[PDB]
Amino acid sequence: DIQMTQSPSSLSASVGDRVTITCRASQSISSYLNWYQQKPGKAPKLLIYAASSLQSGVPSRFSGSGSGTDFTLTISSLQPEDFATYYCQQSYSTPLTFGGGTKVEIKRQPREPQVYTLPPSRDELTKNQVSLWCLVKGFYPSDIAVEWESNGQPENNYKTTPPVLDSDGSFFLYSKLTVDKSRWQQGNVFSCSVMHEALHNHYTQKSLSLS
């Protein structure tokens, strides 16, 4: 079985930069190494076959070089739609193997997060527990931490979704704090705390209480 090493495993680059991915094989595979593009939640898309032959419909900004054991995929000027994870695949001997993958994130400018607290839906008031929501959107970069607190003490029963890329290049997420219905109805004040590099003093809070 042939091992495929890909580097770098992750990289962030700006628009117009040259991107370089390394694919190394444990043995010689001549010029049988295909390149694929997989966007999040989508199937992979063939970009380059052989080592330098461009698949129909692929823009010319994609280019591949290499022969034998050392190969390289190159994008000349990165475009916003080129955000995806790229794989190399050897095509010489079975079993066919893919590279470890190289996630290409887009480099851009920091943005202040907007934080919004959402009370539970009326439908949920039938249950013994209710969900408190905290939407954090419009922030960059994706490095963020979100905590809940009440009366100065941390709340434990909360879950936070991973950052999700929005259509404008920023990120958003939701945090769900699950509390007992009795605690909510009595008017206890809960706070969603967000720490991010683009915030003033790297910290902000939003409160949420029953109206």
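Numbering starts at 1 and follows the sequence shown.
When the C-alpha B-factors of 160-168 and 145-153 are averaged, 145-153 comes out higher.
Just going by the entry, 74-82 versus 115-123 on mean CA temperature factor gives the higher value to 74-82. In this entry, the residue among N34, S175, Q38, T69 with the greatest C-alpha B factor is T69. Within the selection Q109, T94, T102, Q89, the deposited Cα B-factor values reach their highest point at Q109.
Ranked by C-alpha B-factor against the other modelled residues of its chain, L46 falls in the lowest third.
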